[PDB]
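Below you will find one chain, with nothing else, as C-alpha cells; this is the form deposited in one PDB entry, and questions on how it binds or moves follow later.
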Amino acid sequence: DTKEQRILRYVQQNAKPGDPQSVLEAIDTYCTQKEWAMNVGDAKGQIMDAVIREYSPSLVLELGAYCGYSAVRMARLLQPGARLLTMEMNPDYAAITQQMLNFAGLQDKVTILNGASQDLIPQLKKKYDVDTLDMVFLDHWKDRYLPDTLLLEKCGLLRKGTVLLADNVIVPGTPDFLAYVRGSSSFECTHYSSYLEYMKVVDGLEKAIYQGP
C-alpha cells in the first residue's frame, strides 16, 4: 500500500465516523508518530481556521487536496449551505480525499474534482455554475500558484474582497507568487509565520485579498 492508503486506514480505525475533529486528530497523530506527510498540519491549520472563521466564506476553491486534511479542516467550519470545491490532479489522491470526506461526514459540502486546475478553472462558471469565489486555498504544485492566480483573474472568478490563502510560501516556497502579490496594487497581503507540518522548520501562509483591477 501507499502512505496515503495507510493514512486513510488509520483514520478509519482511530477516528469516529462523522466527527471531523477526530479525523484531523487521527491524521496529525499518524503523521507525528508514524510517517510524515504533506498535510497542512495543526500549526498552520489553526491559522487557516482563524481565517475561515473571520470570513465565513460561502464558496471556497482549494487547489490541491492531497488526502483531504485541509478540505476537512475548512469544510467543518463552513456555515450550513456553504460549499467547497477542491481540484486534485492525482487520481489516487482524489480517491483518498473522497473517502476521507465521506468518513468525516462532509461529502455533501465538498465536491472533489479530479483534473488539472488550469483545465478546470475555465469551466467553473459554465459547468459548475460559479459566479465569483469568496476564498481560494492554494496548496498544489508551488510553481502553479502564480499562473493559476492570474488565470482566476482572467476568468472573472475573483471579486473585491476574495481571500487567497497560500500554503508553503517559505518551504518549499513560492517565490514568484509571493513577489507578485506583495508588489501588486490589486492585492492586500499579510504573512502568517508558522511551521512546516509536523516539523521544527519555519514555514508560513500568505493571505492576499483581491482588490479589483
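Only the largest set of C-alpha atoms that superpose within 1.5 Å between the two forms is called the rigid core. So that there is no doubt, residue numbering starts at 1 and follows the sequence shown.
The form deposited in another entry exists for this protein as well; it is not shown, and the discussion that follows is about that form.
Q: Picking from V40, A166, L63, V181, which residue has its CA shift by 2 Å or more between the shown form and the other one, once the rigid core of the two forms is superposed?
A: Per the superposition, the moving residue is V40.
Q: Does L196 show a Cα shift reaching 2 Å between the shown form and the other one after rigid-core superposition?
A: Yes; that C-alpha moves by at least 2 Å between the shown form and the other one.
Q: Knowing the shift is 3 Å or more, I'd like to know if the C-alpha atoms of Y198 and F137 are closer or farther apart in the other entry than in the shown chain.
A: Farther, not closer.
Q: Tell me whether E197 and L101 end up closer or farther apart in the other entry, going by their C-alpha atoms; the shift is 3 Å or more.
A: Compared with the form shown here, the C-alpha atoms of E197 and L101 sit farther apart in the other entry, by 3 Å or more.
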